[PDB]
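Asks:
Chains as they are written, first to last, in the deposited numbering: chain C, 1044 to 1093; chain D, 4 to 161, 166 to 238; chain Y, 846 to 944.
#1: How many Å lie between residue 118 of chain D and residue 146 of chain D at the Cα?
#2: Could you confirm whether any beta carbon from chain C is found closer than 8 angstroms to the beta carbon of residue 936 of chain Y?
#3: Of the residues D/203, D/24, D/173, D/210, which one's Cα is nearest the Cα of residue 158 of chain D?
#4: Please identify the residue among D/234, D/74, D/13 whose C-alpha is closest to the C-alpha of residue 141 of chain D.
#5: Give me the subset of the segment 175–199 of chain D whose CB atoms are less than 8 angstroms from a CB atom of chain C, sorted by chain position.
#6: Measuring only between beta-carbons, confirm whether residue 169 of chain D sits less than 8 angstroms from chain Y.
#7: Could you round the C-beta distance between residue 5 of chain D and residue 28 of chain D to whole angstroms and report it? I think they count as a contact, below 8 angstroms.
#8: So within the segment 12–57 of chain D, which uninterrupted beta strand (DSSP E) runs reach at least 3 residues, ignoring any that extend past its ends?
#9: Would you call the segment 878–887 of chain Y in contact with the segment 916–935 of chain Y, where contact means no fewer than 3 C-beta pairs closer than 8 angstroms?
#10: If we cut at 8 angstroms on Cβ distances, does residue 62 of chain D have a partner in chain Y?
#11: Within 8 angstroms, do at least three Cβ pairs link the segment 193–211 of chain D to the segment 220–228 of chain D?
#12: Check whether the Cβ atoms of residue 885 of chain Y and residue 851 of chain Y lie closer than 8 angstroms to each other.
#13: Does the structure place the segment 923–938 of chain Y close enough to the segment 61–68 of chain D that three or more beta carbon pairs sit under 8 angstroms?
#14: Where does residue 209 of chain D land, buried or exposed, given buried means 16+ other C-beta within 10 angstroms?
#15: Against chain D, with Cβ distances strictly below 8 angstroms, would residue 1061 of chain C count as a contact?
#16: Please compile the residues from chain D whose C-beta is within a distance smaller than 7 angstroms of the C-beta of residue 1082 of chain C.
#17: Our contact map puts residue 99 of chain D next to residue 121 of chain D with C-beta atoms below 8 angstroms; I'd like the distance itself, whole angstroms only.
#18: For residue 927 of chain Y, would you say it is in contact with chain C, using Cβ-to-Cβ distances shorter than 8 angstroms as the test?
#19: Considering only heavy atoms of the ligand MG, does any lie closer than 7 angstroms to the CB of residue 150 of chain D?
Here is the structure:
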């Protein structure tokens, strides 16, 4: 009672992963992302795969 | 001598596959192999120019989070597949437009894209979509832009009609870089080294051109080191 | 009075109405950011006893006050997305808008 019209809007947001987001495995090893490192700065193997 | 070094030169470009290659630099002093290898690996993996899909327009589609009749994959999946499209744009052009009009049943691949001759598709077998009905038709207009680095849709500066779907662009064509320093069989000297750089790319950027561009960038910054004056 | 959903929002220009339709509801597929109007709604308001300097401003610059205030649905701050669906629910006996 008392309402004449209702308008409902659905908004879709694509949320990317950023520092501060909480990431975890399946063994209780939770964590918070501290840095999004550049590719060239991360450890890599002999074949070159970082 | 102990003052004049040996200038490295390009030796052999081995092209194992369309997306994989090896570049040999020889000769190199003791310790210069790793220095140049790490500098070139860091430059190649960071700032190589390349062409990527930026915006798409599909008929009958208003937003990414929607479907289309006769199309097995959602529009978001089609955009994610378009991100993995390798295209080479002829020099002098920054923005180009290509068209994908296909009707029938089967896999819509990158070989059905019509181009004006200034754009060459590297992977014609890339599966873009699947059409599951005989009456299904797809009509897309794709914008390809030249850039450097990674520019997401949000970072783009802001009229835009409803229907223009912005796509995150990874302009860098280099995927994996490895390098090894081995012994070099020189005529007289035996303390010389050879640098082998293995480059896995999308096929857009040639190995020799990539090496010269990385060397050029390093040379430009080392020039500001060479002068070394207060500004 | 009766609160109305309409595009004739006072004190708002044209750029903010670019994404609104004739009824006053944004289209499907519109990219909106924080502060953008989604549903244009006007609310009847009572008389305001405006301060002396305010009536100076009104006398000099014109701009007579309207009978409706802007109480419109705006996108929350730091939220930017795509409108994917709009549902309109109307009470029985009320004129169903175009949308």
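Cβ coordinates follow ideal geometry from the N, Cα and C atoms, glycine included.
Replies: To lay it out plainly:
#1: Working through the second chain from its first residue, we reach residue 118 of chain D at position 115. Working through the second chain from its first residue, we reach residue 146 of chain D at position 143. Looking at the backbone, the Cα of residue 118 of chain D and that of residue 146 of chain D are separated by about 11 angstroms.
#2: What you label residue 936 of chain Y is simply residue 91 of the third chain in a count that begins at 1. So, interface residue.
#3: If you number the second chain from 1, residue 158 of chain D lands on position 155. Measuring from the Cα of residue 158 of chain D, the nearest candidate turns out to be D/173.
#4: The residue labelled residue 141 of chain D in the question sits at position 138 within the second chain. Comparing C-alpha distances from residue 141 of chain D to each of D/234, D/74, D/13 shows the shortest one belongs to D/74.
#5: The residues in question are 183, 184, 185, 186.
#6: The count along the second chain starts at 1 and reaches residue 169 of chain D at position 162. So, interface residue.
#7: The residue given as residue 5 of chain D occupies position 2 in the second chain. The residue given as residue 28 of chain D occupies position 25 in the second chain. By a beta-carbon distance limit of 8 angstroms, residue 5 of chain D does not contact residue 28 of chain D. Their separation comes to about 22 angstroms.
#8: Counting only runs that start and end inside the segment 12–57 of chain D, the beta strand (DSSP E) elements of at least 3 residues fall at 12–17, 23–31.
#9: Yes, since at least three Cβ pairs between the segment 878–887 of chain Y and the segment 916–935 of chain Y fall closer than 8 angstroms, the two stretches touch.
#10: As a first step, residue 62 of chain D must be located in the second chain, where it is residue number 59. Interface with chain Y (8 angstroms Cβ-Cβ cutoff): residue 62 of chain D is excluded.
#11: The segment 220–228 of chain D, when compared against the segment 193–211 of chain D, does not touch it at the 8 angstroms Cβ threshold.
#12: Taking the third chain and counting its residues from 1, one reaches residue 885 of chain Y at position 40. Taking the third chain and counting its residues from 1, one reaches residue 851 of chain Y at position 6. It is a contact, given that the beta carbons lie within the stated cut-off.
#13: The segment 61–68 of chain D, when compared against the segment 923–938 of chain Y, does touch it at the 8 angstroms Cβ threshold.
#14: Working through the second chain from its first residue, we reach residue 209 of chain D at position 202. Around the beta carbon of residue 209 of chain D, a 10 Å sphere encloses 16 or more other beta carbons of the protein chains shown; the residue is thus reported as buried.
#15: Here residue 1061 of chain C corresponds to residue number 18 of the first chain, with the count starting at 1. False, the Cβ-Cβ gap to chain D never drops below 8 angstroms.
#16: Your numbering for residue 1082 of chain C matches position 39 in the first chain. Ordered by position in chain D, the residues that pass the 7 angstroms Cβ test against residue 1082 of chain C are 48.
#17: Here residue 99 of chain D refers to the residue found at position 96 of the second chain. Here residue 121 of chain D refers to the residue found at position 118 of the second chain. The C-beta distance from residue 99 of chain D to residue 121 of chain D rounds to 6 angstroms, short enough to fall under 8 angstroms.
#18: Taking the first residue of the third chain as 1, we reach residue 927 of chain Y at position 82. Residue 927 of chain Y counts as touching chain C.
#19: For the ligand MG, the structure offers nothing, since it holds no ligand at all.
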